[PDB]
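J.: Please find the sequence and an experimentally derived structure below.
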Amino acid sequence: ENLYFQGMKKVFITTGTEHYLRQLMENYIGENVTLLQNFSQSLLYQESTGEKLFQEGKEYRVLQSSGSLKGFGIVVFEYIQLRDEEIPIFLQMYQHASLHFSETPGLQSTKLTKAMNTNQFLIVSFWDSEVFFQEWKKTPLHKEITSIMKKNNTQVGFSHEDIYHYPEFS
């Protein structure tokens, strides 16, 4: 089995107003669901195994994962487009880099994912605070992600870095 193509571990990402997404959370209470927010927008992040079926949001296949979500801090979404020729190289490099994620200060968890049926990749990283993420920007992995993000951008919204935080405590 080639899990790049056939893997069943997924991330679903649904954007919307806080009110809508809080209703959506109510309907999927007791699921793997996290509400995140930034200045513009709210987002629901879920990990699950299987298919989207009728569920909302955009689906990404998880290729590589590390760590575990602690439920606080900031979450960074790095969307990049890879050319076919780059994919084996990038996956190997990322796997080698990931051997050192446990030594990366403030890094809780990472997900390397691919949009279903396309060459758009999404790297999700969970951090204790933005300070730790800003330090990580100094690393070769961040530099190469940034390079690809700029070089391969087809200018239709598939390449961007979005930062979210956990919502106000209620």
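T.: Alright, I've got the coordinates. Residues are numbered from 1 along each chain as shown.

J.: all strands for this structure, in order.
T.: In the chain, the segments counted as strands under DSSP state E are 9-16, 33-37, 42-49, 58-67, 74-81, 107-115, 120-127, 160-165.

J.: ok, residue 15 - contacts?
T.: Counting by CB atoms under 8 Å, 6 or more residues apart in numbering, residue 15 touches 21, 41, 42, 43, 44, 57. The C-beta positions use only the backbone N, C-alpha and C, and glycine is treated the same way.

J.: Run through the bridge partners of residue 65.
T.: Residue 65 forms beta bridges with residue 111, as assigned by DSSP bridges.

J.: let me fix that: residue 15
T.: Residues in beta-bridge contact with residue 15 (DSSP bridges): residue 43.

J.: ok, now residue 120?
T.: residue 81.

J.: Would you confirm that it contacts residue 114?
T.: Yes - in this structure, residue 120 is within contact of residue 114 by CB atoms under 8 Å, at 7.1 Å.

J.: ok, back up a step: most tightly packed of the strands of the chain?
T.: Across the strands of the chain, the average number of neighbours (mean count of other CB atoms under 10 Å) peaks for strand 120-127, which reaches a mean of 23.

J.: Can you pull out the residues in contact with that strand?
T.: So strand 120-127 is contacted by 11, 13, 45, 60, 67, 69-70, 73-82, 90, 106-115, 133, 136, 145, 158 (CB under 8 Å, 6+ apart).
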